[PDB]
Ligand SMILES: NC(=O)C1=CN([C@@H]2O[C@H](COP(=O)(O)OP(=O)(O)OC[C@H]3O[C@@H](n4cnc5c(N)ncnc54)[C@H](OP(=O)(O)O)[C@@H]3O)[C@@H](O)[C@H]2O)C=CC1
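Coming up is one lone chain in structure tokens, specifically the form solved without the named molecule.
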């Protein structure tokens, strides 16, 4: 269950789910690189890791940019080591297209190192439900369908190398779309969730921590729903 001796990269680590993931992997003993798109977000990450006794760094990374990805990886490899645990946490058509093209960019870049080690964990984090109505449902379901299929396919491609590829599909998690809702809306929402509560960011992080472990070595191509029983597609 422990990750001592491993380097983990967590994209979008400055708040909410990404931050929780960074802290959890740190708690399990990994060296953690968390990333944000701004210098201010990188500084927040570095302060957070320091405050929690986690070794690593806060770096600026734009996953939409081949240049930013190549430059950031080379920097990590020179100063911390090769990341063997990569957690991807950084209208419906353009959103899905952009997001899967980013996942593909980052995954390809980190796979060289994983192939050298003959070991790896790629864990892709889905989007939380972003909005209540029909457009929200369309977007949530399309993004999740894309993520599920992308994950299954990359897992096939890299499996002979003892690299697993999985996803975590969060439902309604306690974050700002939810934290800003009128009470009538929050109540209606909670009524669709069998557990009758929103998820905590730490509850997504614990699942990620398990997927990253040696105990999950035979889990690949999977999408683990973390949604308190609320299934939408």
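Here, rigid core means the biggest group of C-alpha atoms that superpose within 1.5 Å across both forms. Positions refer to the first chain, counted from 1.
This protein has a second form, the form deposited with the named molecule bound, left out of what is shown; the following refers to that one.
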Shown form pocket vs the named molecule in the bound PDB entry, superposition, backbone/C-beta distance 2.4 Å: blocked
Quick one: from 165, 208, 36, 30, grab the residue that has a heavy atom within 4.5 Å of the named molecule in the bound PDB entry. 36
Tell me, which of 134, 78, 160, 98 has a heavy atom within 4.5 angstroms of the named molecule in the bound PDB entry? 98
Residue 73: heavy atom within 4.5 Å of the named molecule in the bound PDB entry? no
Would residue 176 show up as a contact with the named molecule in the bound PDB entry if we use heavy atoms at 4.5 Å? yes
Is there any non-hydrogen atom of residue 127 lying within 4.5 Å of the named molecule in the bound PDB entry? yes
Tell me, yes or no, whether residue 90 is in contact with the named molecule in the bound PDB entry, where a contact means a heavy atom of each within 4.5 Å. yes
Is it true that 56, 115 and 213, all three, sit within 4.5 Å of the named molecule in the bound PDB entry, judged by heavy atoms? no
At a 4.5 angstroms cut-off on non-hydrogen atoms, which residues of 63 to 89 are near the named molecule in the bound PDB entry? List them in order. 63, 64, 89
Hey, after the core superposition between this form and the one not shown, which of 162, 109, 142, 117 has the C-alpha moving 2 angstroms or more? 142
Does superposing the core leave residue 38 with a CA shift of 2 Å or more between this form and the one not shown? no
Rigid core fit then residue 185 CA moved by 2 Å or more between this form and the one not shown: yes
Once you line up the core, how about residue 153: does its CA shift reach 2 Å between this form and the one not shown? no
If the C-alpha spacing of residue 98 and residue 14 moves by 3 Å or more in the bound PDB entry, is that a move closer or farther apart? closer
Given that the distance between the C-alpha atoms of residue 169 and residue 131 changes by 3 Å or more in the bound PDB entry, do they end up closer or farther than here? closer
